[PDB]
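Overview (structure and organization)
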Amino acid sequence: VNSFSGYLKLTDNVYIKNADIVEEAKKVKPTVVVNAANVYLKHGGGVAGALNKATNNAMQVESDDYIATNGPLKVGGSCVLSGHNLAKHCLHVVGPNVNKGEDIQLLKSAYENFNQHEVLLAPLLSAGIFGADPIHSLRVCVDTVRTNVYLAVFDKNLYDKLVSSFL
Ligand SMILES: O=C(O)[C@@H]1CCCC[C@@H]1Nc1ncnc2[nH]c3cc(F)ccc3c12
């Protein structure tokens, strides 16, 4: 038993809700919140900009030190950093950005990072400003992640299309 509430169950291990991930994180304080990161951990907009704003820019300060030490992530890769006031940990995961011409096959590799964590609160990778089809992203999520994933979908209209079209 865990503290996630109001989710619809899609599969044995995948759950979905219409929610603002920032507010969902603030209330649940999950062990892991996933950020829709880029390779530079520049949290300017989308999910990343919202999460970072909710940390009063502490996520960005920590991220800049991480990059200065380690260099950029790989597309499809991830790193574990602090969850600040939102979660114990933040798993920064880089899905391919279709608006940068990145290979969508890397979306499966991106979701594989979730399997290193028993339970996660997450957005749909490569959705939103990353330019991928959120229905495809949901399919890859279901077919790749084996751990327990609670997906927060900000847009109510999108949440309903994702549910109604789910196979
Ligand atoms: O659902 C959507 O509209 C999109 C799905 C994936 C790409 C961007 C959006 N992502 C999110 N997903 C969950 N919570 C969120 N809070 C947010 C707050 C913001 F200021 C911007 C985006 C989100 C967001």
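Residues numbered from 1 in each chain as written, not as in the entry; some residues may be left out. Heavy atoms only, no water.

Going by the PDB entry, the chain carries the name Non-structural protein 3 and comes from Severe acute respiratory syndrome coronavirus 2.

1. So, the site of the ligand
Around the ligand lies a shell formed by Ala19, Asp20, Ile21, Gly46, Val47, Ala50, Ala127, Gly128, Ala152, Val153, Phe154 and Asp155. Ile21 is positioned such that a nitrogen or oxygen atom in its backbone is 3.2 Å from a nitrogen atom of the ligand. A distance of 3.3 Å is found between an oxygen atom of the ligand and a backbone nitrogen or oxygen belonging to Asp155. If the ligand stood free it would expose 490 Å²; the protein chains cover 79% of that surface. Secondary structure elements with two or more residues in the shell around the ligand: α2 (46-54) and β7 (148-153). (Near = heavy atom within 4 Å. Polar contact = N/O pair within 3.5 Å; in protein donor to acceptor, adjacent residues only side chain to side chain. Areas by Shrake-Rupley, 256 points an atom, 1.4 Å probe, with all protein chains shown as cover. Helix = DSSP H or I, 4+ residues; strand = E, 2+ residues; numbered from the N terminus.)

2. Digging into helix α1 (residues 21-28)
Along α1, the residues that are buried comprise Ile21, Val22, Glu24, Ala25 and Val28. Take α1 and look down its axis: the buried residues cluster within an arc of 165°, on one side only. Buried residues belonging to α1 abut β2 (14-18), β3 (32-36), α2, β6 (119-122) and β7. For α1, the N-terminal capping position is held by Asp20, with its side-chain oxygen 3.1 Å away from the main-chain nitrogen of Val22. With its phi angle positive at about 55°, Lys29 sits one or two positions after the end of α1. (Buried < 20%, exposed > 50% of the residue type's maximum accessible area, 1.4 Å probe, protein only. Arc of directions from axis to C-beta. Contact = heavy atoms within 4.5 Å.)

3. Brief notes about the state of the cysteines
Such a bond, covalent and formed between the sulfur atoms of two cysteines, is termed a disulfide. Scanning all chains against the criterion turns up zero disulfides. Between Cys79, a free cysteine, and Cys90, which holds the nearest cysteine sulfur, the sulfur-to-sulfur gap is 7.9 Å. Residue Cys79 is classed as buried on the basis of its relative accessible area of 7%. (Disulfide = S-S within 2.5 Å.)

4. Notes on unusual backbone geometry
Positive phi is not limited to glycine here, since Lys29 has a value of about 55°. Counting through the fold element by element, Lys29 comes out in the loop between α1 and β3. The residue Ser126 is not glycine, and still its phi comes out positive at about 65°. As for its position among the elements, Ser126 is in the loop between β6 and α5 (134-144). The buried category is assigned to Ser126, whose relative accessible area is 2%.

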